[PDB]
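Note sheet for the following structure.
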Amino acid sequence: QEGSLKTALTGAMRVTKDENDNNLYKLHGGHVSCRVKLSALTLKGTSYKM
Amino acid sequence: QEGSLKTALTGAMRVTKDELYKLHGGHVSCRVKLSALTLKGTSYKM
């Protein structure tokens, strides 16, 4: 029943696996919502000559 | 895809083999002639 399952599982969110890590499952889906703090970010060489 | 074919072929006329393919299904319309039959010994003693 490999074929019947695979045709039934077409278009389903996929999971893959790493190198040696054999219980580390990568989830091909979802997204992340982030808030980034920028005030402590500075330029270099603003007082360089042209 | 072996399972997928087998689900599709549930309720199919079946075939078998030996060593020739045997068709499991259908009937033979026969006409039987009986006038050439005889009883052995209608003149034995009871």
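Chain labels A, B, ... are given in the sequence in which chains occur in the structure tokens; within each chain residues are numbered consecutively from 1, and ligands are likewise numbered from 1 in the order shown.
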Using only C-alpha atoms and a distance of at most 6 Å, pull out the residues of chain B that contact chain A, as an mmCIF file with N, CA, C and O atoms, in the first residue's frame.
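And here is the file that came out, iface_38.cif:
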data_model
loop_
_atom_site.group_PDB
_atom_site.id
_atom_site.type_symbol
_atom_site.label_atom_id
_atom_site.label_comp_id
_atom_site.auth_asym_id
_atom_site.auth_seq_id
_atom_site.Cartn_x
_atom_site.Cartn_y
_atom_site.Cartn_z
ATOM 1 N N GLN B 1 2.639 0.107 -6.505
ATOM 2 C CA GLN B 1 1.226 0.257 -6.830
ATOM 3 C C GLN B 1 0.473 -1.068 -6.808
ATOM 4 O O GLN B 1 -0.627 -1.158 -7.362
ATOM 5 N N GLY B 3 -1.030 -2.631 -4.326
ATOM 6 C CA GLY B 3 -2.288 -2.519 -3.607
ATOM 7 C C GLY B 3 -3.346 -1.762 -4.387
ATOM 8 O O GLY B 3 -4.515 -2.154 -4.403
ATOM 9 N N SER B 4 -2.949 -0.674 -5.051
ATOM 10 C CA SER B 4 -3.909 0.118 -5.814
ATOM 11 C C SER B 4 -4.546 -0.705 -6.925
ATOM 12 O O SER B 4 -5.759 -0.626 -7.151
#
**Request:** Show which residues sit within 9 Å of residue 25 of chain B, as a VMD selection string. Count only C-alpha atoms, and ignore same-chain residues fewer than 5 positions away.
**Result:** chain B and resid 13 to 15
**Message:** as a list in words, please: every residue in chain A that a backbone DSSP assignment puts in strand (DSSP E or B).
**Reply:** residues 14, 15, 16, 17, 25, 26, 27 and 28 of chain A
Prev. selection, N, CA and C atoms, output as an mmCIF file, in the first residue's frame:
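So the final result, stored in result38.cif, reads:
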data_model
loop_
_atom_site.group_PDB
_atom_site.id
_atom_site.type_symbol
_atom_site.label_atom_id
_atom_site.label_comp_id
_atom_site.auth_asym_id
_atom_site.auth_seq_id
_atom_site.Cartn_x
_atom_site.Cartn_y
_atom_site.Cartn_z
ATOM 1 N N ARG A 14 5.576 18.558 4.354
ATOM 2 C CA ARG A 14 6.647 17.577 4.314
ATOM 3 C C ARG A 14 7.602 17.743 5.486
ATOM 4 N N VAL A 15 8.246 16.637 5.840
ATOM 5 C CA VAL A 15 9.248 16.586 6.894
ATOM 6 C C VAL A 15 10.476 15.894 6.322
ATOM 7 N N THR A 16 11.657 16.390 6.674
ATOM 8 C CA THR A 16 12.903 15.778 6.242
ATOM 9 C C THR A 16 13.801 15.570 7.452
ATOM 10 N N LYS A 17 14.964 14.978 7.203
ATOM 11 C CA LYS A 17 15.880 14.603 8.263
ATOM 12 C C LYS A 17 17.283 15.072 7.911
ATOM 13 N N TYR A 25 13.796 16.182 13.286
ATOM 14 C CA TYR A 25 12.879 16.249 12.157
ATOM 15 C C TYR A 25 12.670 17.704 11.761
ATOM 16 N N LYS A 26 12.918 18.014 10.491
ATOM 17 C CA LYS A 26 12.740 19.364 9.973
ATOM 18 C C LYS A 26 11.340 19.507 9.390
ATOM 19 N N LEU A 27 10.650 20.577 9.772
ATOM 20 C CA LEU A 27 9.241 20.773 9.434
ATOM 21 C C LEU A 27 9.146 21.811 8.322
ATOM 22 N N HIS A 28 8.907 21.345 7.095
ATOM 23 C CA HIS A 28 8.815 22.225 5.929
ATOM 24 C C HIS A 28 7.451 22.908 5.931
#
**Item:** Picked from chain B by DSSP as alpha helix (DSSP H), as a list in words
**Value:** residues 2, 3, 4, 5, 6, 7 and 8 of chain B
**Prompt:** What gap, in Å, lies between atom CA of residue 18 of chain B and atom CA of residue 2 of chain B?
**Reply:** 22.6 Å
